[PDB]
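Below: one protein chain in two forms, given as structure tokens, structure 1 then structure 2.
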Structure 1
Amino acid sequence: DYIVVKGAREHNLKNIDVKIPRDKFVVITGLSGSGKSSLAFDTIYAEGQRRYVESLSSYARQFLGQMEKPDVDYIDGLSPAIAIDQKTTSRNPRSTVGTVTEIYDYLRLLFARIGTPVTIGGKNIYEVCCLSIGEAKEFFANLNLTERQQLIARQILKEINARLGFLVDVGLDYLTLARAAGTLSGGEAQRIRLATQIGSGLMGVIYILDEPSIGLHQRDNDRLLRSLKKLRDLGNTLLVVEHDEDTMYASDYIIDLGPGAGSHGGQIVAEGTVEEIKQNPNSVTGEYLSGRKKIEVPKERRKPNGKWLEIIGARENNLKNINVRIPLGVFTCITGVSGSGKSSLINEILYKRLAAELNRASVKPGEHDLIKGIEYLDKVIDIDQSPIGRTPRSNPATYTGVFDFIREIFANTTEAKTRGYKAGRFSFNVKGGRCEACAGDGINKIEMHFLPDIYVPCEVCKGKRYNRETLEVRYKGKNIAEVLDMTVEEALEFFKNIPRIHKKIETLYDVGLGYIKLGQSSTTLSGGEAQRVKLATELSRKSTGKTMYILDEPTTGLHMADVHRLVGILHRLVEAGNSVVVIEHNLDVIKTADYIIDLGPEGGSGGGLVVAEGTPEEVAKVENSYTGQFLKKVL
């Protein structure tokens, strides 16, 4: 009736002991970097998978793969578990919806077993693969096959029906089975990934979902919550790590981590129901949910100064030749149901034309007639909706670009000048100044065949990634290993008189990563930490006073405090005289915008029109828009 964990010390967990109720809807909350993933996916799921795998033969074990042994003492009440990872999965161009959701395999099995020589219900394999999800489901629900075929193909038909029912329930009935998985939107790809693993329900199985609401509108999130509630009612346990308020409100139990991030978190601050979390002063999530701490809606919203960006004849993808006016110099939020065509408009027309017109880029934009009002802009800065790549040869210092300046100033010292060194000597990714016994890695990763990998630190350089010859040159009493060793606050104090480094380090501090180390590997970063690193990298660039910031969903992996900090940064940028355009599903970011352009009313072929246009108060007066309904509810 419980999953009891004792002595969990993985990553930054501070020897925490927790009890998780079984056959319930449990939600794990906390700040970005608290340790929710290290507790759910890296301890419980890892222990369950290892326990299941250890009972199999070596031949099967070397195919399935063994996870790393978690640093835990005793876990009880486990069971078979299915986990959905937080990180998004890229797709090859060949993979389609049917291939990804494992529907084509069942289709081939059915056609091979009860096929009529290649005719089940009066259709062939291509005629049934090239249909929308809703009509394919209604076709498969009206299959008049014989009794022998019914007995033979019971399981295949049941699996197909369950998968199609889930895909219809989430709201993806407009897609077909032949649509390429690599061209779907963020929310559609997230829902397809969810349906791949959770479409066919089981019994007595723990489901661990790490942020299952990427690029999902509130309406889509409600349908996903209904499906999750049905799956839990099927006799299962659900462990969902989320930052969404609706997910917490729709859960039986809440486990709150914190109280901070990195080395200041890894603990348990509060637990109980939603009201219990709200009443706990030590819980930051409860403080933000109870209204004690909140993002303040402006009393007066900025008005356009007469300069507008007019997009005429926008017909890219599913856009139905619409005209959109984006005011300049204010904060504008682009809203719509997942798949309605907000990314395909903004990121594929506005940014792709602004870059060519201003930054002298060579990227072909989408299908549009013309854009007017470009002359009121100087440069464009964009943040994509795609995640960042993770390599052990990467860290926040290299990603943001300050490591180049640090290496240059290290190579400009007196001793380095005497020895004839350059900036390439002070990097652990170039031969000449790095330890060759570890190739600048610092630690050695030994990979076994079927056993979990073992990490052993290097002994020649003691994990410093550099040899003594390169470590013999120091700047202000510190060598480059100590430079990579200090955190962002220490580096901010260290380089306070160097504007070039100080600007980017101050940006990193302002996005909320002062605790992080300059040399922490990208592979060991968190989702929110990587998102904020990308945000700081893009926002650390120089602003000319009349510049456009285009952000495509910068809320992913961010707690309420993090989005509050980002909102403050964006509002300061707006007050500086720049124009900020944000494609956002987060309603807290939306409620502070001075202008809203809403698209819909549906996704795919059912959307692409400007349902609403104006200030949030005016949009809330429109009953057609779901965004308007939610805005009216929360205003």
Structure 2
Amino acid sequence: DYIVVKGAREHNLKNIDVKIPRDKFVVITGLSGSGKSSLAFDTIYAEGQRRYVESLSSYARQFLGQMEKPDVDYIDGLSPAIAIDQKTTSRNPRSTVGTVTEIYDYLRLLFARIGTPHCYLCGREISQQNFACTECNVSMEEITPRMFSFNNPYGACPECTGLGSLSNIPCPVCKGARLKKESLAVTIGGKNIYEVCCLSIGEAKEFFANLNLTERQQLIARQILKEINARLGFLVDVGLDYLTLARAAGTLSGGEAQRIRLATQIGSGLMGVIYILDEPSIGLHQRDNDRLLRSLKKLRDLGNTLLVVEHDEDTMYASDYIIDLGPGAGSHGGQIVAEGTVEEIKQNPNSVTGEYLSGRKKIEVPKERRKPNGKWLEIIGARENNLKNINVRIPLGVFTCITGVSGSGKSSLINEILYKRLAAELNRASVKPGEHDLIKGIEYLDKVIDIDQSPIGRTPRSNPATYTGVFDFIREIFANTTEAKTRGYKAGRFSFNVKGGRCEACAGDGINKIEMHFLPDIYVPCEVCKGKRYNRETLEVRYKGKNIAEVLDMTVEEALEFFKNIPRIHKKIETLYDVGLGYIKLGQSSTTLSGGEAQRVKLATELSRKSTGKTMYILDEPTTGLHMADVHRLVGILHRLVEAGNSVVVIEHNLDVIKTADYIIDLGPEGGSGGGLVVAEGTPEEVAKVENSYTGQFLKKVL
């Protein structure tokens, strides 16, 4: 009936004991960095998978990507668990829609088994010892599934090495097929593998459902066609029927990629299994979230238990049990602050999330909107990607929001066209802009700063000090001391990523890692330098009473007071304090940062640049993996930036960020190739007065 966890002390959890009911919709809320992912994904999922993969093959456990055993006492009432984590990276030039969903492997098998080969020179059928066409004197090699893939030299096109593009233009030889001519002659139903991939998902499902095959080949392909049709049906049902299997995964949007990842791991139809979803609503519109909620309720109805760590209001309003962590974040949180039904969380004074839900704390909506001051910049002939020749004028000096469902072209319109043109005109960047006619009004701005929506990169060689750039100033200050000057030290001596002034027992890592072979690797503290990352010679040089280790092991609040007379350092630390990271250390490794904290570090990297008084701030979904309090702080700083006399445009699905905006531009009216038209454009009240778009309906519902 219950999952009992006792003595959970993983990461920042303060030895908490929590009972999670089974066969229920249980959400884990709280601030960013409070211990939701560490409670669910790092502990419960890890134990549930570890206790089941041991009752399987011994050799195959190594390739499963095993998880380290959590620092817990005992877990009762556990069950096998499948989880979809909150960490997405993507951006691979060798991964497509076919390989991500694994349908391409099935297609390779199907073409290798029951395909019909030919000679690519005359088209006559090839028959056999040697599998060659006797007319053109060409010897085709053996037919195997590894010859229909572009990630090995056997089946990859020689010119582009299976990349597709070789000035970025399609490959002259394969024309984007990525496979050699020999492997493109095997046809099923009149099409080779590339042509079948180029077909839309909806078209391909019916192409495979209407295939005429001999009695011999149907026996072989019965176990392949059924799986292919099941996967295509999952993709269609999730709401992505307009995609093609040949699209690169480096071009998919956030919502499309998230839905692709969701549809793969959900359709198994099991029973008595715990499903763990970590932030399942990133880059998803309100209608996409409602569809996902319906699907998840259907999945629970089979007899499963759901543990979803969600920040959105809609998810918490459709659940039977809420577990709230906190009361703060980082080292200041990690306890079970409140529990129970959403009404109990609303009535619980100690729960910050309940305070926001109840209305005790809220994001202030301005009484009067900021009307445009007569300055507009206009774009005409927007035809990039799936934009159907629309023209929109973006105001200046006000807070602008760009809305619309996933695939409507919000990124393609704002990011590509606007940012690339502005950066080429003002920052003198060497970037190819999108397909458009012209932009009028560039002479009304001075600089452009953008925040992309891709997640940041993780590495043990980077911390907030290096990412924000303040570490360079700190190292210069340390190298400017009299003792460092008389010892010959430079700024490169004080960095743990440069050899010469770092602990050589760990190469500046600070902790040695012992390599197991079939078990997760272990991390143990260093012994030579005690984990200070530096030798004794470096640590002797002190500035204002602290050496570099002591200045790298101090929180942001402490470094704010420590660095007061230095303008650049104070400005950067003040921005870091403003975005919300007033409790994390100045040298915590990136790999140990939560998603929200990494996102806030990325925001503070760009929000700390000097403003010229008339600048362009382009933000692509800034409120991803952020609690309502972080959203409130971000809205406050953005509104202060606007009041300073600057123009800010924000592409957000968050309703609270939208409801405070000054001018809303809506793209739609549907996702994919069916959208690209400006549904509405005006003040939030005017857009709420329009019933053609779901965004207007939600805006008028909340107002």
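Every residue number counts along structure 1's sequence, beginning with 1. For the two forms, the rigid core is made up of the largest set of C-alpha atoms that agree within 1.5 Å on superposition.
- Splitting the chain into two rigid parts between structures 1 and 2 leaves residue 602 and residue 627 on the same side.
- For the chain modelled as two rigid parts, C-alpha superpositions between structures 1 and 2 yield a turn of the smaller part by 20°.
- Its Cα shifted by 12.4 Å, residue 147 is compared between structures 1 and 2 on a rigid core fit.
- Here residue 109 exhibits a Cα shift of 7.3 Å between structures 1 and 2, evaluated on the superposed rigid core.
- At residue 183, the distance the Cα travels between structures 1 and 2 is 1.8 Å after the core is superposed.
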